[PDB]
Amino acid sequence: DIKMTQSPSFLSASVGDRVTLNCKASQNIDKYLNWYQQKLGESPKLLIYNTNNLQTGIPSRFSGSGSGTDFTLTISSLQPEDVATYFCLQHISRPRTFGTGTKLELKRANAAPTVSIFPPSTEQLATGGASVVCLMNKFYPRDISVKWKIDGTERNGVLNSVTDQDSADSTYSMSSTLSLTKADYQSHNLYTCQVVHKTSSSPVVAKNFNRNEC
């Protein structure tokens, strides 16, 4: 089989910049190499076939080249509708093999997150369960860390989840969950969500609530 490698895997560029995607085959594939664009929640779509043929309807800012074992996809000027993952495809021989893929991230100005904490719902309780929620939204860059602390003590029975870069402001949002039994939720008082945005601020961001209430 022909093994396809792509590089780099991640790529951050400012809108308008020149971007270059690399793809290396492990055997000469001659001219048979394709590129597909796959946006979030969509089926891959054909961008270019046989190292350099644009397909119908694709913008001229795209071009391909290279030959034999090294190929390149180049975007002259990065548009925000070009944020996506990119796939390389070798098809001289069966089985046809795809490359590992490259993800493009539009770059922007730092942004500190809006943090928000939610105590359990009276309903979830009425069933002896209790999830505390912390929505950590619209931040940039992606690096960040959240910590839960019950009565000042760091804790762990947590669940995190980060979205993908938002198509509207290029930020990232994160959701962290702290699940406890009703009983344990009740034998404590001050729940806390502390986020540290390695950037935006030093004093870190804390949001809490007293179960008995302030």
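We number the residues from 1 along the sequence you see.
Mean CA B-factor, 64-72 versus 142-150: the higher value falls on 64-72. Annotation for 169-177 versus 40-48: the higher mean temperature factor (C-alpha) is found in 40-48. Residues shown: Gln194, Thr20, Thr199, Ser12. Highest C-alpha temperature factor in the entry: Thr199. Set against one another, the Cα B-factors of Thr85, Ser131, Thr127, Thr114 in the record reach their highest point at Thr127. Among the modelled residues of its chain, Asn212 has a C-alpha B-factor that falls in the highest third, as given in the PDB entry. Among the modelled residues of its chain, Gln186 has a C-alpha B-factor that falls in the highest third according to the deposited record. The entry lists a Cα temperature factor for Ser161 that places it in the lowest third of the chain's modelled residues. In the PDB entry, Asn28 places in the highest third of its chain by CA B-factor. For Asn34, the recorded CA temperature factor ranks within the lowest third of the chain's modelled residues.
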